[PDB]
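Encoded as structure tokens, the structure appears first; notes follow it.
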RNA sequence: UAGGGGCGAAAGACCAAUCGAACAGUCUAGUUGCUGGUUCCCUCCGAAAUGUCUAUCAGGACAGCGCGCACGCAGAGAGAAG
RNA sequence: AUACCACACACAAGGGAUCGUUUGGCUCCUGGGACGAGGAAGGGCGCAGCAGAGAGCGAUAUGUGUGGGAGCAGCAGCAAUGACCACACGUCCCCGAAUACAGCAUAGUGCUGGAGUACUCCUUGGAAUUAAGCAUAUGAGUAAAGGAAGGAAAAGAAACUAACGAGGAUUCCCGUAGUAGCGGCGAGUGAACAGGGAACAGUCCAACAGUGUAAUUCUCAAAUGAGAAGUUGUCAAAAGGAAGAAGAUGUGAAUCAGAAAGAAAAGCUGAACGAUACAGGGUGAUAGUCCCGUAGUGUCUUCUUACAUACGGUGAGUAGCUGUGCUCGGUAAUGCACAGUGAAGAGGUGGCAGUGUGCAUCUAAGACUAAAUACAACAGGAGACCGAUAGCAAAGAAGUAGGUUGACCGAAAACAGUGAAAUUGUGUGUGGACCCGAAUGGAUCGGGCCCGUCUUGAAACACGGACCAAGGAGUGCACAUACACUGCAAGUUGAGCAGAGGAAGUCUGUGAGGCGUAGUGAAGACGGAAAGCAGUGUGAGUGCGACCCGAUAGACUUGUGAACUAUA
Ligand SMILES: [Zn+2]
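Printed below as a string of structure tokens:
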């Protein structure tokens, strides 16, 4: 029967951890990730605005982008040992 | 309106309000979007398209300001607002030009000589913290209204008197009804400058004539 | 009246600026007045209280007392003064902290960099006073 | 629908319709003032605005009224003894599209 | 309603201006003449090198039989405009002569 | 091998406790002539369940009967006598 | 009724309402609009003396330099041989466009790819809904899906309007106008020139380059040589500047004492003092003079911007035509395409089909362009906004705890305040369901069926309701309208926009348009009664979620599923 007794046979596992996004959604037989479309070059279309804002720029650390803004503020000064190269250029 | 919600329909022994689709949390099966629901949407949400300002005819604005100015020289009205004028010799007050004052120290001595001491004291003693939620929204302290000084020509006296509590300043040419009738009751006490007092004849004209300064207006 | 529009007059903003202060701005919170004599001995009118300096308590329970500053709590803005304490049920004694502004300085601790700190402030005045 | 009225015709059916409010009106006025002021310093002795011709308005309804136009014609400028390069240097506006068809209109602009 | 009160006769009146005559531009300078000559010359060489197109042959054939009204209808359908047809017929006629 | 599509020794069976057209999310607060509900006090006036037309018969509109503001004013839900 | 059941009051339990408070939210305005092969955005894993989560940082996981200067929150230890902070730099593990790759250009060096996409441009393209049914039409060229760029983007100097006594690039605001018209002429749709302003700026290529010599660009050498591109055509000139704006930071006046009372005075009482500073915040109760500021004044650093040569009148599978499909208010074709057909050098247009002829106005099939205009992330300032069941989902380690096979889905919890009601125990009183009227020392007497709701008709064998708290439903805008109130009146008006002003307020100009000052007809045409305009509000109609809640269904996606079950 289709209820409790059929639950006993459910011991196989079709999805594993995706290497691009972490989300335990890589379908091994299809060769595709259901969250991010790996191995396609572009990321997947997200279903709605609510769901996509959960993965935008600024939801993580933004390491490089923050440093760039501080350097731009300072006038891109560079390493002080090498000022002469900068000044010539 | 954020959540994914749907009605369960009849046959489940429950009211047919929309409910939240979820699992693993106590939030499953709770009642979603309606105005009678916790965390739902308000009835007729407030909206930016409301009409904030109001029109008034220019002819009424001109007439109201004229009869507000008039009331500043009837003792019954001035006393009625709550300005105290027991010690003042006569109304209206007109200060001369050739006031060479630059310091607040000497400025107060002048105002005391015109009899204003009791009025000024009445303002200083008044400061209190407002009752209600307004004290959280940048409206913390309340003070009583005092004298308004009206000038027309630029003078040092303006920056000598301004730090004294309850003193207020405006030019005659752009004198406003909010300053002339606070709270919608008329008869504010006014210190005129000699130049400003003479200018009232150009501004409002003469009875059954037309003002040159206010085109299309007659008294 | 304030005529500069870059400075805030919001109650919410002024309060956050107080409690979340750090660095030099935190040091400004620990300032106290000098006595009349010291204001002739030195140019300064007020300084940040440090251990070892001598203070008169001018407000509160311990009014009129005099003593040496033992400790400076920067996180919970309080100073501990020698001989200002309460006794528990146990008989054990706990120093009670006083807010900086309720103190007045009577003698300065001149250990370490204090003499240079004072010099730096006096010069900063004269630089603009004489102009 | 009941009673006597002028029959409705109110066009609010389209759900994609945008609304425009004007809360910025006093502030944008203040910015336009401050831009003119600083522009006036950059060319201090000279007026901020150029000289423009007088032309006659268009239809039967406005024939009897005169108005400012875009620029003087090469013929107007020449008749008054100037050259085009000089006129520009002295703050006169120029429009080479306009034509002259009357004696009166020419005489006034000279 | 402030519309449709005057008659058409009175709407046609006009104010008495003084007009300026138009400046005629008839003189054509030496260099402009040579320019035009060279363009017209170039048009000869193309016709000499490459000859007539199929519908031009069919058209000129009808002109020899004096089938004037047939040629007119034919050319109208090829070029679209009755003006272009009238012009092209006149150019073809002159070529044959 | 995937949704107006699959697969079926054929029962409209089965396609993640869902199938005479799956699930997720959005358009969308889809529509409702139909059912349920609609939050303080006193004072004064006070109905209708009928006619005409309607894809009209559990609905509308127009007229008839209420109330408010009222320019004004010799009238009357009763009798006599021809 | 000894002990059960009910009610009242006092005390103890049980719960978290109410009042007082808020380093959070929301809305409007101003600035900003800064990513990546020099490896981004996003994911994982490591790093502390005792260290889980979160924050910070990369095996250099608190290093160097500059400016300052006192502690490191617990315990043990450190610190003028520099605790801690601020500015810049150095170092920067593994996965990921992920590349020892793909496509492509140059004499050579190289460039693209992924992320973001609120606002702008280019394609593709619904249905619910309204018509009280429905098929053309509407919603709507909207949603959805794809491509691309910048701080704005697009557009832009007439193959343009107009018929006046004419004007003169583009964009934006007021207006013509809910008009001319389109439409099962139904429902409904719907522009342009004028007239008043903001801001203003014009120019390039081809046609068409010295022939007494390619005079032109590049490479190596050298101080004057070799070589590459190119005759299928290269080559058409100036430095230069002070202004303007935004930030950062220094300084910065003036008070003491007292009875009563309180844990504590800044309150209250007396006596003083400052002010170009009485904006606001902190201190053990309500502070101009106790602390941080404010008015007024100094310094410094960045950014933006500016003079030269030569020319005209023919830019083709184009304009147009026939057929066809979509589109627009565009109507015997407004714009865009596809197939046939296909010009002239002279052509295009003048809101109704054709043919002819004068007249007016322009010059298509190649390119560039400032200012005035639009709006997320991030930063700053304001508010007749909300005050922990509200305001963002989120005032704490919130897109978290936790959940789906998957796409995706998603909470609660403020103060160690106050401490209501439901409900429970103990004590003391009064009754046997309770309400209204009237009383006794005391038995009781008389009257009353359970509320809300549809209904001719409810106590009903009609439906909803166990009990208490808190939340919980006729609102906002546009357009005509009748009434009440106000100013002026043959007139009336806060259009936008300019001038003044320590300013989202107020005052003053310039100056359109609209409606009114009289009507009749389809129109040509004619002409002869009746106070209006603009506001502040109330009743009422129509369109938008439209008093609040509620279908079975329809469509769209470059979204997901054969772990159960079917077949090869
Ligand atoms: Zn993935």
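Chains as they are written, first to last, in the numbering used here: chain A, 39 to 127; chain B, 11 to 229; chain C, 82 to 212; chain D, 68 to 177; chain E, 51 to 147. Even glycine gets a Cβ: it sits at the ideal position worked out from N, Cα and C.
- When the Cα atoms are used, residue 52 (chain E) and residue 74 (chain E) turn out to be separated by approximately 45 Å.
- Of all residues in the region 144-157 of chain B, only 146, 148 and 150 place a beta-carbon less than 8 Å from a beta-carbon of chain C.
- If you ignore the 5 residues before and after residue 83 (chain B), its C-beta comes within less than 8 Å of the C-beta of 101 and 102, all in its own chain and listed in chain order.
- Proximity of chain B to residue 208 (chain C) at the Cβ level (cut-off 7 Å) is not reached, the minimal Cβ distance being about 27 Å.
- Under the criterion of beta carbons closer than 8 Å, residue 145 (chain D) and residue 173 (chain D) do not qualify as touching, at roughly 11 Å.
- For residue 109 (chain A), the Cβ stays outside the 7 Å cut-off from all heavy atoms of ligand 1.
- Using a Cβ-Cβ cut-off of 8 Å, residue 55 (chain E) does not count as an interface residue toward chain D, since no Cβ of chain D sits closer than that to its own.
- A residue is called buried once 16 or more other Cβ atoms fall within 10 Å of its Cβ, and residue 201 (chain B) is buried on that count.
- When the alpha-carbon of residue 44 (chain B) is set against those of B:147, B:28 and B:138, the nearest one is in B:28.
- Taking the C-beta atoms as reference points, residue 129 (chain B) is found no nearer than 8 Å to residue 90 (chain B).
- Residues of the region 87-108 of chain C with a C-beta atom less than 8 Å from some C-beta of chain B are 90, 91 and 92, listed in chain order.
- Chain-order list of chain D residues neighbouring residue 70 (chain E): 167, 168, 169, 170 and 173, by C-beta distance under 9 Å.
- Ordered by chain, the residues meeting the criterion of a beta-carbon within less than 7 Å of a non-hydrogen atom of ligand 1 are A:56, A:58, A:59, A:61, A:63, A:64, A:71, A:73, A:74 and A:76.
- In the structure shown, residue 46 (chain A) adopts helical secondary structure according to DSSP, grouped into three states.
- Its chain contains 78, 81 and 87 as the residues whose beta carbon lies nearer than 7 Å to that of residue 196 (chain B), once the 5 sequence neighbours on both sides are disregarded; these appear in chain order.
- With respect to residue 129 (chain E), residue 122 (chain E) sits apart: the two C-beta atoms are not nearer than 8 Å.
- Per the coordinates, the alpha-carbon of residue 221 (chain B) lies some 15 Å from the alpha-carbon of residue 182 (chain B).
- Taking 8 Å as the cut-off, the Cβ atoms of residue 162 (chain C) and residue 179 (chain C) count as close.
- Using a C-beta cut-off of 8 Å, the region 104-118 of chain B makes no contact with the region 133-150 of chain B, since fewer than three inter-stretch Cβ pairs fall below that distance.
- Annotation: the continuous alpha helix (DSSP H) that includes residue 122 (chain C) extends over 119-122.
- Inter-residue distance for residue 93 (chain D) and residue 133 (chain C) is about 59 Å (C-alpha atoms, whole angstroms).
- Three or more pairs of CB atoms, one per stretch, sit closer than 8 Å, so the region 112-123 of chain B contacts the region 159-173 of chain B.
- Under the three-state reduction of DSSP output, residue 17 (chain B) falls in the strand class.
- Taken in chain order, the complete alpha helix (DSSP H) segments of 4 residues or longer contained in the region 139-217 of chain B are 168-171, 187-190 and 204-214.
- A residue is called buried when at least 16 other Cβ atoms come within 10 angstroms of its Cβ; residue 118 (chain A) does not meet this threshold and is exposed.
- Under the DSSP assignment, residue 92 (chain D) falls in the alpha helix (DSSP H) whose first and last residues are 92-109.
- The residue from B:203, B:186 and B:159 with its alpha-carbon nearest to that of residue 177 (chain B) is B:159.
- Taking C-beta atoms under 8 Å as the contact rule, residue 104 (chain B) and residue 204 (chain B) qualify, at a distance of about 6 Å.
- A Cβ of chain D is located within less than 8 Å of the beta carbon of residue 67 (chain E).
- In this structure, the CA atom of residue 76 (chain B) is about 28 Å from the CA atom of residue 97 (chain B).
- Residue 130 (chain C) is classed as buried because its beta carbon has at least 16 other beta carbons within 10 Å across all chains shown.
- As DSSP reads the structure, residue 114 (chain C) sits in a beta bridge with C:127.
- Nearest to residue 137 (chain B) by alpha-carbon distance, out of B:72, B:151 and B:48, is B:151.
- Within the region 128-154 of chain D, the complete alpha helix (DSSP H) segments of 4 residues or longer fall at 141-146, listed in chain order.
- Under the DSSP assignment, residue 186 (chain C) falls in the beta strand (DSSP E) whose first and last residues are 184-188.
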